[PDB]
Each structure stands twice: as structure tokens, then as C-alpha cells.
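Structure file start_18.txt with compact mmCIF, N, CA and C atoms and all ligand atoms:
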# COMPACT_ATOMS: atom_id res chain seq x y z
N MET U 1 18.31 9.22 -3.86
CA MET U 1 16.89 9.02 -4.30
C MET U 1 16.03 8.87 -3.05
N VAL U 2 14.75 9.26 -3.13
CA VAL U 2 13.79 9.06 -2.03
C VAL U 2 13.77 7.58 -1.72
N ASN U 3 13.81 7.26 -0.42
CA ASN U 3 13.88 5.87 -0.01
C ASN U 3 12.49 5.26 0.06
N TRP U 4 11.90 5.00 -1.11
CA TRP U 4 10.51 4.55 -1.15
C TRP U 4 10.33 3.19 -0.45
N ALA U 5 11.36 2.36 -0.44
CA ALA U 5 11.25 1.07 0.26
C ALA U 5 11.02 1.32 1.77
N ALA U 6 11.70 2.30 2.34
CA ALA U 6 11.48 2.60 3.76
C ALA U 6 10.14 3.26 4.00
N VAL U 7 9.71 4.11 3.08
CA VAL U 7 8.40 4.71 3.16
C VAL U 7 7.33 3.62 3.15
N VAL U 8 7.47 2.67 2.23
CA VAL U 8 6.48 1.62 2.09
C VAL U 8 6.47 0.74 3.35
N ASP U 9 7.64 0.48 3.94
CA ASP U 9 7.63 -0.28 5.18
C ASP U 9 6.84 0.45 6.26
N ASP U 10 7.04 1.75 6.38
CA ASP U 10 6.28 2.50 7.37
C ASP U 10 4.80 2.58 7.02
N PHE U 11 4.49 2.61 5.72
CA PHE U 11 3.10 2.60 5.28
C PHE U 11 2.38 1.34 5.78
N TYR U 12 2.99 0.18 5.59
CA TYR U 12 2.32 -1.04 5.98
C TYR U 12 2.25 -1.13 7.51
N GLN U 13 3.27 -0.64 8.21
CA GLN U 13 3.18 -0.60 9.68
C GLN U 13 1.96 0.22 10.10
N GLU U 14 1.80 1.41 9.53
CA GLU U 14 0.66 2.26 9.84
C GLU U 14 -0.65 1.59 9.48
N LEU U 15 -0.70 1.00 8.28
CA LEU U 15 -1.93 0.42 7.76
C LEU U 15 -2.41 -0.74 8.62
N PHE U 16 -1.50 -1.63 8.98
CA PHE U 16 -1.91 -2.80 9.73
C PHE U 16 -2.02 -2.54 11.23
N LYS U 17 -1.35 -1.52 11.73
CA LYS U 17 -1.61 -1.05 13.10
C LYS U 17 -3.04 -0.54 13.23
N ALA U 18 -3.51 0.23 12.25
CA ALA U 18 -4.86 0.81 12.35
C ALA U 18 -5.95 -0.15 11.90
N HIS U 19 -5.60 -1.08 11.00
CA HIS U 19 -6.57 -1.96 10.38
C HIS U 19 -5.96 -3.35 10.27
N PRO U 20 -5.77 -4.02 11.42
CA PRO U 20 -5.07 -5.29 11.42
C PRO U 20 -5.72 -6.33 10.52
N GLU U 21 -7.04 -6.26 10.36
CA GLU U 21 -7.74 -7.26 9.58
C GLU U 21 -7.40 -7.19 8.10
N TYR U 22 -6.88 -6.04 7.64
CA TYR U 22 -6.48 -5.91 6.24
C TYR U 22 -5.37 -6.92 5.96
N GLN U 23 -4.56 -7.23 6.97
CA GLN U 23 -3.41 -8.13 6.75
C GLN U 23 -3.84 -9.56 6.44
N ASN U 24 -5.06 -9.91 6.81
CA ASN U 24 -5.56 -11.24 6.54
C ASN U 24 -5.71 -11.54 5.05
N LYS U 25 -5.75 -10.49 4.24
CA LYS U 25 -5.91 -10.66 2.80
C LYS U 25 -4.62 -10.94 2.07
N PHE U 26 -3.50 -10.88 2.78
CA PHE U 26 -2.19 -11.07 2.21
C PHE U 26 -1.55 -12.40 2.56
N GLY U 27 -0.50 -12.75 1.83
CA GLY U 27 0.18 -14.04 2.04
C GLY U 27 0.99 -14.06 3.33
N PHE U 28 1.15 -12.89 3.94
CA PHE U 28 1.77 -12.76 5.27
C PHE U 28 0.75 -12.56 6.38
N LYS U 29 -0.47 -13.03 6.16
CA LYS U 29 -1.48 -13.10 7.22
C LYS U 29 -0.91 -13.75 8.50
N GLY U 30 -1.18 -13.11 9.62
CA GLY U 30 -0.80 -13.65 10.95
C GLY U 30 0.61 -13.35 11.42
N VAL U 31 1.43 -12.80 10.54
CA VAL U 31 2.80 -12.50 10.88
C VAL U 31 2.89 -11.23 11.73
N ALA U 32 3.67 -11.32 12.82
CA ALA U 32 3.86 -10.16 13.67
C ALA U 32 4.39 -8.96 12.89
N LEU U 33 3.87 -7.78 13.20
CA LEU U 33 4.29 -6.60 12.41
C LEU U 33 5.80 -6.38 12.41
N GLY U 34 6.44 -6.62 13.55
CA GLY U 34 7.89 -6.41 13.65
C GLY U 34 8.70 -7.51 12.99
N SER U 35 8.02 -8.48 12.38
CA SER U 35 8.69 -9.53 11.60
C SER U 35 8.40 -9.50 10.12
N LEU U 36 7.57 -8.55 9.67
CA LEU U 36 7.24 -8.52 8.25
C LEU U 36 8.49 -8.51 7.38
N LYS U 37 9.51 -7.75 7.77
CA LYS U 37 10.71 -7.66 6.93
C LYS U 37 11.41 -9.00 6.75
N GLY U 38 11.13 -9.95 7.65
CA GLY U 38 11.71 -11.28 7.52
C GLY U 38 10.80 -12.31 6.84
N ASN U 39 9.73 -11.83 6.21
CA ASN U 39 8.73 -12.72 5.63
C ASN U 39 8.74 -12.58 4.10
N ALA U 40 8.91 -13.71 3.42
CA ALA U 40 9.10 -13.72 1.97
C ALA U 40 7.89 -13.17 1.23
N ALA U 41 6.69 -13.52 1.68
CA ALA U 41 5.51 -12.96 1.03
C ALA U 41 5.48 -11.42 1.16
N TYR U 42 5.84 -10.91 2.33
CA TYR U 42 5.87 -9.47 2.51
C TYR U 42 6.93 -8.81 1.63
N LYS U 43 8.11 -9.42 1.58
CA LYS U 43 9.19 -8.84 0.77
C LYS U 43 8.75 -8.65 -0.68
N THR U 44 8.08 -9.66 -1.23
CA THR U 44 7.56 -9.55 -2.60
C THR U 44 6.48 -8.48 -2.73
N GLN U 45 5.53 -8.44 -1.79
CA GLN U 45 4.45 -7.47 -1.87
C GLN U 45 4.94 -6.02 -1.71
N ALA U 46 5.81 -5.79 -0.73
CA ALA U 46 6.36 -4.46 -0.56
C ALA U 46 7.15 -4.00 -1.78
N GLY U 47 7.88 -4.92 -2.42
CA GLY U 47 8.57 -4.56 -3.67
C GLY U 47 7.61 -4.13 -4.77
N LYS U 48 6.47 -4.82 -4.88
CA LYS U 48 5.46 -4.45 -5.85
C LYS U 48 4.89 -3.06 -5.57
N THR U 49 4.66 -2.79 -4.29
CA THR U 49 4.13 -1.49 -3.89
C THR U 49 5.12 -0.38 -4.24
N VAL U 50 6.39 -0.59 -3.87
CA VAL U 50 7.44 0.34 -4.27
C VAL U 50 7.46 0.52 -5.79
N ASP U 51 7.39 -0.59 -6.54
CA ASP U 51 7.35 -0.46 -8.00
C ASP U 51 6.18 0.36 -8.51
N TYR U 52 5.02 0.20 -7.88
CA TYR U 52 3.86 0.97 -8.31
C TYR U 52 4.01 2.47 -8.03
N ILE U 53 4.59 2.79 -6.87
CA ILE U 53 4.87 4.18 -6.55
C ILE U 53 5.85 4.80 -7.56
N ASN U 54 6.87 4.05 -7.93
CA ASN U 54 7.83 4.59 -8.90
C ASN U 54 7.16 4.71 -10.28
N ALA U 55 6.23 3.80 -10.58
CA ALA U 55 5.50 3.92 -11.85
C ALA U 55 4.54 5.10 -11.86
N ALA U 56 3.86 5.34 -10.73
CA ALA U 56 2.98 6.49 -10.63
C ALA U 56 3.75 7.81 -10.78
N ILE U 57 4.91 7.89 -10.12
CA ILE U 57 5.74 9.09 -10.23
C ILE U 57 6.36 9.22 -11.64
N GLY U 58 6.70 8.09 -12.24
CA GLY U 58 7.32 8.07 -13.57
C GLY U 58 6.34 8.25 -14.72
N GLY U 59 5.05 8.09 -14.42
CA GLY U 59 3.98 8.43 -15.37
C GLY U 59 3.39 7.24 -16.10
N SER U 60 3.80 6.03 -15.72
CA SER U 60 3.34 4.83 -16.44
C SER U 60 2.29 4.01 -15.70
N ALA U 61 1.96 4.42 -14.48
CA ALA U 61 1.10 3.61 -13.62
C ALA U 61 -0.26 3.44 -14.26
N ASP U 62 -0.80 2.23 -14.15
CA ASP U 62 -2.15 1.93 -14.60
C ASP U 62 -3.10 1.92 -13.40
N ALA U 63 -3.53 3.11 -12.98
CA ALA U 63 -4.38 3.24 -11.79
C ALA U 63 -5.71 2.50 -11.96
N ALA U 64 -6.25 2.50 -13.18
CA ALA U 64 -7.49 1.75 -13.38
C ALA U 64 -7.30 0.26 -13.18
N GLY U 65 -6.17 -0.25 -13.65
CA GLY U 65 -5.86 -1.68 -13.52
C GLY U 65 -5.58 -2.06 -12.08
N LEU U 66 -4.94 -1.15 -11.34
CA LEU U 66 -4.68 -1.42 -9.92
C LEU U 66 -5.97 -1.39 -9.14
N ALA U 67 -6.83 -0.42 -9.43
CA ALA U 67 -8.13 -0.37 -8.74
C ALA U 67 -8.93 -1.63 -9.02
N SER U 68 -8.96 -2.06 -10.28
CA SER U 68 -9.77 -3.24 -10.61
C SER U 68 -9.23 -4.48 -9.87
N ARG U 69 -7.92 -4.58 -9.78
CA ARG U 69 -7.34 -5.71 -9.07
C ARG U 69 -7.64 -5.67 -7.57
N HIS U 70 -7.74 -4.47 -6.99
CA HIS U 70 -8.14 -4.36 -5.59
C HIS U 70 -9.62 -4.69 -5.37
N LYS U 71 -10.48 -4.26 -6.31
CA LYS U 71 -11.88 -4.68 -6.30
C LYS U 71 -11.97 -6.19 -6.34
N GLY U 72 -11.04 -6.81 -7.07
CA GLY U 72 -10.98 -8.27 -7.20
C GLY U 72 -10.59 -9.00 -5.92
N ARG U 73 -10.15 -8.23 -4.92
CA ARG U 73 -9.90 -8.74 -3.57
C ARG U 73 -10.90 -8.18 -2.55
N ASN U 74 -12.00 -7.60 -3.04
CA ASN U 74 -13.00 -6.93 -2.20
C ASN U 74 -12.37 -5.86 -1.35
N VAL U 75 -11.44 -5.13 -1.97
CA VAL U 75 -10.85 -3.93 -1.40
C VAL U 75 -11.28 -2.72 -2.20
N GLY U 76 -11.91 -1.77 -1.52
CA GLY U 76 -12.51 -0.64 -2.23
C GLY U 76 -12.18 0.73 -1.67
N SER U 77 -13.12 1.65 -1.85
CA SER U 77 -12.86 3.06 -1.59
C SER U 77 -12.56 3.33 -0.13
N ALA U 78 -13.28 2.70 0.77
CA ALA U 78 -13.02 2.97 2.19
C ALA U 78 -11.59 2.61 2.56
N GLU U 79 -11.15 1.43 2.13
CA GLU U 79 -9.79 0.97 2.44
C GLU U 79 -8.77 1.93 1.85
N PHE U 80 -9.01 2.40 0.62
CA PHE U 80 -8.07 3.33 0.04
C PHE U 80 -8.05 4.72 0.68
N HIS U 81 -9.19 5.17 1.20
CA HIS U 81 -9.15 6.39 1.99
C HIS U 81 -8.34 6.21 3.27
N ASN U 82 -8.49 5.06 3.93
CA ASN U 82 -7.60 4.73 5.04
C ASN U 82 -6.12 4.63 4.62
N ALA U 83 -5.87 4.03 3.46
CA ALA U 83 -4.49 3.98 2.96
C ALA U 83 -3.94 5.38 2.75
N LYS U 84 -4.75 6.29 2.23
CA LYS U 84 -4.30 7.66 2.04
C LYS U 84 -3.78 8.29 3.34
N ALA U 85 -4.48 8.05 4.44
CA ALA U 85 -4.07 8.59 5.72
C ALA U 85 -2.76 7.96 6.24
N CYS U 86 -2.63 6.66 6.02
CA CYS U 86 -1.43 5.96 6.45
C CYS U 86 -0.22 6.35 5.61
N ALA U 87 -0.42 6.50 4.30
CA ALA U 87 0.68 6.92 3.42
C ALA U 87 1.14 8.32 3.71
N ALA U 88 0.20 9.18 4.08
CA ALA U 88 0.56 10.55 4.47
C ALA U 88 1.48 10.57 5.68
N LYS U 89 1.19 9.72 6.67
CA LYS U 89 2.07 9.58 7.83
C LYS U 89 3.44 9.01 7.47
N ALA U 90 3.46 7.96 6.66
CA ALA U 90 4.72 7.34 6.25
C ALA U 90 5.61 8.28 5.43
N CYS U 91 5.00 9.03 4.51
CA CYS U 91 5.76 10.00 3.73
C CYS U 91 6.31 11.11 4.63
N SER U 92 5.49 11.62 5.54
CA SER U 92 5.96 12.72 6.41
C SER U 92 7.13 12.23 7.26
N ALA U 93 7.08 10.98 7.70
CA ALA U 93 8.14 10.45 8.55
C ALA U 93 9.49 10.36 7.84
N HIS U 94 9.47 10.36 6.52
CA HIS U 94 10.69 10.29 5.75
C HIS U 94 11.03 11.57 5.01
N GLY U 95 10.24 12.61 5.22
CA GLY U 95 10.38 13.86 4.46
C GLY U 95 10.26 13.60 2.96
N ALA U 96 9.39 12.66 2.59
CA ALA U 96 9.13 12.31 1.19
C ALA U 96 7.90 13.08 0.71
N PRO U 97 7.80 13.33 -0.62
CA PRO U 97 6.56 13.91 -1.11
C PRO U 97 5.41 12.99 -0.78
N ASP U 98 4.25 13.58 -0.56
CA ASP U 98 3.00 12.86 -0.35
C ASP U 98 2.57 12.12 -1.62
N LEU U 99 1.86 11.02 -1.43
CA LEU U 99 1.36 10.19 -2.52
C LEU U 99 -0.15 10.35 -2.68
N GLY U 100 -0.70 11.42 -2.12
CA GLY U 100 -2.15 11.63 -2.15
C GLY U 100 -2.70 11.70 -3.56
N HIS U 101 -2.00 12.36 -4.47
CA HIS U 101 -2.47 12.45 -5.86
C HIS U 101 -2.51 11.08 -6.53
N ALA U 102 -1.49 10.26 -6.31
CA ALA U 102 -1.49 8.91 -6.90
C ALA U 102 -2.63 8.08 -6.32
N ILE U 103 -2.84 8.21 -5.01
CA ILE U 103 -3.90 7.42 -4.38
C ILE U 103 -5.28 7.91 -4.80
N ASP U 104 -5.41 9.22 -5.01
CA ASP U 104 -6.64 9.77 -5.58
C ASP U 104 -6.90 9.17 -6.98
N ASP U 105 -5.85 8.97 -7.77
CA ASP U 105 -6.03 8.42 -9.13
C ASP U 105 -6.63 7.02 -9.05
N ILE U 106 -6.17 6.23 -8.08
CA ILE U 106 -6.74 4.90 -7.85
C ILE U 106 -8.17 5.02 -7.38
N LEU U 107 -8.41 5.95 -6.45
CA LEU U 107 -9.75 6.19 -5.89
C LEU U 107 -10.75 6.59 -6.98
N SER U 108 -10.26 7.22 -8.05
CA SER U 108 -11.15 7.72 -9.10
C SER U 108 -11.76 6.56 -9.87
N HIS U 109 -11.16 5.38 -9.73
CA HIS U 109 -11.63 4.17 -10.39
C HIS U 109 -12.32 3.20 -9.42
N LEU U 110 -12.49 3.62 -8.16
CA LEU U 110 -13.16 2.78 -7.15
C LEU U 110 -14.54 3.31 -6.78
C1 LIG S 201 -1.37 3.18 -1.25
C2 LIG S 201 -2.31 2.26 -1.48
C3 LIG S 201 -1.97 0.87 -2.06
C4 LIG S 201 -1.16 0.59 -3.09
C5 LIG S 201 -0.24 1.56 -3.85
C6 LIG S 201 -1.26 -0.81 -3.38
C7 LIG S 201 -0.50 -1.50 -4.30
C8 LIG S 201 -0.65 -2.84 -4.61
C9 LIG S 201 0.05 -3.53 -5.67
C10 LIG S 201 1.10 -2.86 -6.57
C11 LIG S 201 -0.34 -4.82 -5.68
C12 LIG S 201 0.09 -5.95 -6.65
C13 LIG S 201 -0.86 -5.94 -7.86
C14 LIG S 201 -0.36 -6.84 -8.96
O1 LIG S 201 0.39 -7.80 -8.66
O2 LIG S 201 -0.85 -6.69 -10.12
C15 LIG S 201 -1.32 -4.95 -4.62
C16 LIG S 201 -1.95 -6.11 -4.26
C17 LIG S 201 -2.82 -6.26 -3.21
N1 LIG S 201 -3.33 -5.26 -2.38
FE1 LIG S 201 -2.74 -3.32 -2.44
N2 LIG S 201 -2.15 -1.38 -2.47
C18 LIG S 201 -2.65 -0.37 -1.68
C19 LIG S 201 -3.55 -0.49 -0.64
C20 LIG S 201 -4.16 -1.67 -0.26
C21 LIG S 201 -5.12 -1.80 0.81
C22 LIG S 201 -5.63 -0.65 1.70
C23 LIG S 201 -5.41 -3.10 0.92
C24 LIG S 201 -6.47 -3.71 1.87
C25 LIG S 201 -6.35 -4.92 2.39
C26 LIG S 201 -4.73 -3.81 -0.14
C27 LIG S 201 -4.88 -5.13 -0.46
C28 LIG S 201 -4.19 -5.81 -1.42
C29 LIG S 201 -4.29 -7.22 -1.66
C30 LIG S 201 -5.05 -8.24 -0.82
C31 LIG S 201 -3.37 -7.53 -2.80
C32 LIG S 201 -3.04 -8.90 -3.41
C33 LIG S 201 -1.88 -9.47 -2.61
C34 LIG S 201 -1.62 -10.89 -3.08
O3 LIG S 201 -1.65 -11.15 -4.31
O4 LIG S 201 -1.25 -11.75 -2.24
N3 LIG S 201 -4.00 -2.90 -0.87
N4 LIG S 201 -1.54 -3.73 -4.02
Encoded form using C-alpha cells:
Amino acid sequence: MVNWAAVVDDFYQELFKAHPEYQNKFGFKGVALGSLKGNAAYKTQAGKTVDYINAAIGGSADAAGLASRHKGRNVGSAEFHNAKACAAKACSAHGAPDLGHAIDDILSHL
């Protein structure tokens, strides 16, 4: 199976390398990037992200509900366009399909 857990790890590395301040919104605020895998808050969040990717691919994802929840953290369209670029890099690094269509579905509600 596509190793979405590894893709997601590379996604967050890309995302917080380019936009370190985004990490302040998470329960692993302030944690060194090379230590995220040892942080309990990160382990839970990355698992949720992996679950959402599998739901989007499996056809059950609630993109409107995910967008609304991100709006609820003052995360919007600009951040998701940046996420699109970071996910494209993470997917390419693993020879995984791109997640641009799933991220566009979220963007359609932002
Ligand atoms: C590929 C794009 C992204 C996906 C698939 C995604 C996925 C998720 C999921 C599945 C959750 C958990 C929602 C739930 O528990 O109901 C979540 C929470 C969250 N996301 Fe994202 N996200 C993305 C990008 C971003 C970006 C760019 C930021 C900007 C900071 C961000 C900020 C947050 C925050 C702050 C939370 C709440 C974390 C907490 O409860 O501690 N997300 N996201």
C-alpha cells in the first residue's frame, strides 16, 4: 500500500520548513522538526491527517467539514494553497499519487 504515513511526515516537514509559524497552532508548538516523530501531539495529528487522506481516496471524506474546522482555527485559503505545494513535494518524494484534487475539494469550501 502507498505509505501515506511517510508521505504525511514529509508533508509536515515541508509545511513547517516553509511556514514555521503554522506550527504554533498545533499541540506540538515549539518542537524541533527532527523531533516531531517523538512527540505525542504530533503522532495523533499525523494519524488524523493520514486518516483523512485515506477517507478522501476512499470517497467518504467530508471536505466541507474539514474546511469549516480549519476556518475555526483561522486557517484559510492561503494556507491551503501553501499546503498544496508542500503535499505535491511530499507525494513526489515517495512516488505517491498527488493529493491536489483532494486539497482542491477542501479549497472549494474556503
Ligand atoms: C493537506 C492539507 C491539510 C489536511 C489534509 C489537514 C487535515 C487535518 C485534519 C484531518 C485535522 C483534524 C480535524 C478533526 O479532528 O476533526 C486537522 C486539524 C488541524 N489543522 Fe489541518 N490539514 C491540512 C492543512 C493545514 C494547514 C495548512 C494548517 C495551518 C496551520 C492546518 C492547521 C490545523 C490545525 C491548527 C488543526 C487542529 C489541531 C488541533 O486540534 O490541535 N492544517 N487538519
Residues contacting ligand LIG 201 (chain S) - anything with an atom at most 5 Å away, using all atoms listed in the file - can you give me those as a ChimeraX atom specification? /U:22,25-27,48-49,79-80,83
Coordinates of box centre and edge lengths for stretch 72-83 of chain U, 3 Å on every side, axis-aligned, as lines of an AutoDock Vina configuration file:
center_x = -8.6
center_y = -1.3
center_z = -1.1
size_x = 15.3
size_y = 21.4
size_z = 18.2
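Of the listed residues (U:86, U:63, U:31, U:93), U:63 comes nearest to residue U:110; the distances count only C-alpha atoms.
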Every residue of stretch 52-86 of chain U that DSSP places in helix (DSSP H, G or I), as a PyMOL selection string: chain U and resi 52-58+63-71+77-86
So which residues touch residue U:32 within 12 Å, counting only C-alpha atoms, skipping near sequence neighbours fewer than 5 positions away, as a PyMOL selection string? chain U and resi 13+16-17+20+23-24+37-39+42
Restricted to N, CA and C atoms, what would the selected residues look like written as a PDB file, keeping the file's coordinate frame?
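File written: again23.pdb
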ATOM      1  N   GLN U  13       3.270  -0.640   8.210  1.00  0.00           N
ATOM      2  CA  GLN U  13       3.180  -0.600   9.680  1.00  0.00           C
ATOM      3  C   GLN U  13       1.960   0.220  10.100  1.00  0.00           C
ATOM      4  N   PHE U  16      -1.500  -1.630   8.980  1.00  0.00           N
ATOM      5  CA  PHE U  16      -1.910  -2.800   9.730  1.00  0.00           C
ATOM      6  C   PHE U  16      -2.020  -2.540  11.230  1.00  0.00           C
ATOM      7  N   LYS U  17      -1.350  -1.520  11.730  1.00  0.00           N
ATOM      8  CA  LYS U  17      -1.610  -1.050  13.100  1.00  0.00           C
ATOM      9  C   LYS U  17      -3.040  -0.540  13.230  1.00  0.00           C
ATOM     10  N   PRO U  20      -5.770  -4.020  11.420  1.00  0.00           N
ATOM     11  CA  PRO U  20      -5.070  -5.290  11.420  1.00  0.00           C
ATOM     12  C   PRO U  20      -5.720  -6.330  10.520  1.00  0.00           C
ATOM     13  N   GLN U  23      -4.560  -7.230   6.970  1.00  0.00           N
ATOM     14  CA  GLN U  23      -3.410  -8.130   6.750  1.00  0.00           C
ATOM     15  C   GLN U  23      -3.840  -9.560   6.440  1.00  0.00           C
ATOM     16  N   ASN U  24      -5.060  -9.910   6.810  1.00  0.00           N
ATOM     17  CA  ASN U  24      -5.560 -11.240   6.540  1.00  0.00           C
ATOM     18  C   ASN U  24      -5.710 -11.540   5.050  1.00  0.00           C
ATOM     19  N   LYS U  37       9.510  -7.750   7.770  1.00  0.00           N
ATOM     20  CA  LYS U  37      10.710  -7.660   6.930  1.00  0.00           C
ATOM     21  C   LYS U  37      11.410  -9.000   6.750  1.00  0.00           C
ATOM     22  N   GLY U  38      11.130  -9.950   7.650  1.00  0.00           N
ATOM     23  CA  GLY U  38      11.710 -11.280   7.520  1.00  0.00           C
ATOM     24  C   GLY U  38      10.800 -12.310   6.840  1.00  0.00           C
ATOM     25  N   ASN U  39       9.730 -11.830   6.210  1.00  0.00           N
ATOM     26  CA  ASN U  39       8.730 -12.720   5.630  1.00  0.00           C
ATOM     27  C   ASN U  39       8.740 -12.580   4.100  1.00  0.00           C
ATOM     28  N   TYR U  42       5.840 -10.910   2.330  1.00  0.00           N
ATOM     29  CA  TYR U  42       5.870  -9.470   2.510  1.00  0.00           C
ATOM     30  C   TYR U  42       6.930  -8.810   1.630  1.00  0.00           C
TER      31      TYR U  42
END
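Counting from atom CA of residue U:85, the distance to atom N of residue U:21 is 15.8 Å.
Across the model, the gap from atom CA of residue U:2 to atom CA of residue U:33 is 23.3 Å.
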Skipping near chain neighbours, those fewer than 6 positions away, what residues fall within 12 Å of residue U:94 using only C-alpha atoms, listed as a CSV table (one decimal) with N, CA and C atoms, in the coordinates of the input?
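File around-v9.csv, as written:
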chain,number,residue,atom,x,y,z
U,1,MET,N,18.3,9.2,-3.9
U,1,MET,CA,16.9,9.0,-4.3
U,1,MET,C,16.0,8.9,-3.0
U,2,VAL,N,14.8,9.3,-3.1
U,2,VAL,CA,13.8,9.1,-2.0
U,2,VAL,C,13.8,7.6,-1.7
U,3,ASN,N,13.8,7.3,-0.4
U,3,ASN,CA,13.9,5.9,0.0
U,3,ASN,C,12.5,5.3,0.1
U,4,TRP,N,11.9,5.0,-1.1
U,4,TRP,CA,10.5,4.6,-1.2
U,4,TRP,C,10.3,3.2,-0.4
U,5,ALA,N,11.4,2.4,-0.4
U,5,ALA,CA,11.2,1.1,0.3
U,5,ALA,C,11.0,1.3,1.8
U,6,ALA,N,11.7,2.3,2.3
U,6,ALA,CA,11.5,2.6,3.8
U,6,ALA,C,10.1,3.3,4.0
U,7,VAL,N,9.7,4.1,3.1
U,7,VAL,CA,8.4,4.7,3.2
U,7,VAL,C,7.3,3.6,3.2
U,8,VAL,N,7.5,2.7,2.2
U,8,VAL,CA,6.5,1.6,2.1
U,8,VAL,C,6.5,0.7,3.4
U,9,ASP,N,7.6,0.5,3.9
U,9,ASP,CA,7.6,-0.3,5.2
U,9,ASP,C,6.8,0.4,6.3
U,10,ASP,N,7.0,1.8,6.4
U,10,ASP,CA,6.3,2.5,7.4
U,10,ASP,C,4.8,2.6,7.0
U,11,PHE,N,4.5,2.6,5.7
U,11,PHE,CA,3.1,2.6,5.3
U,11,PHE,C,2.4,1.3,5.8
U,87,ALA,N,-0.4,6.5,4.3
U,87,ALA,CA,0.7,6.9,3.4
U,87,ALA,C,1.1,8.3,3.7
U,88,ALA,N,0.2,9.2,4.1
U,88,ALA,CA,0.6,10.6,4.5
U,88,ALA,C,1.5,10.6,5.7
Sort by chain and increasing residue number a table of all residues of stretch 24-72 of chain U within 7 Å of stretch 100-109 of chain U, each with its closest pair of atoms and their distance in Å to one decimal, counting only N, CA and C atoms, and write it as JSON lines.
{"residue": "U:56", "atom": "CA", "partner": "U:102", "partner_atom": "CA", "distance": 6.3}
{"residue": "U:63", "atom": "C", "partner": "U:106", "partner_atom": "CA", "distance": 4.9}
{"residue": "U:64", "atom": "CA", "partner": "U:109", "partner_atom": "CA", "distance": 5.7}
{"residue": "U:66", "atom": "C", "partner": "U:106", "partner_atom": "CA", "distance": 6.5}
{"residue": "U:67", "atom": "CA", "partner": "U:106", "partner_atom": "CA", "distance": 5.5}
{"residue": "U:68", "atom": "N", "partner": "U:109", "partner_atom": "C", "distance": 6.3}
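You will find atom CA of residue U:69 at 16.5 Å from atom CA of residue U:81.
Each of U:78, U:84, U:99, U:73 was compared to residue U:14 using only C-alpha atoms, and U:84 turns out to be the nearest.
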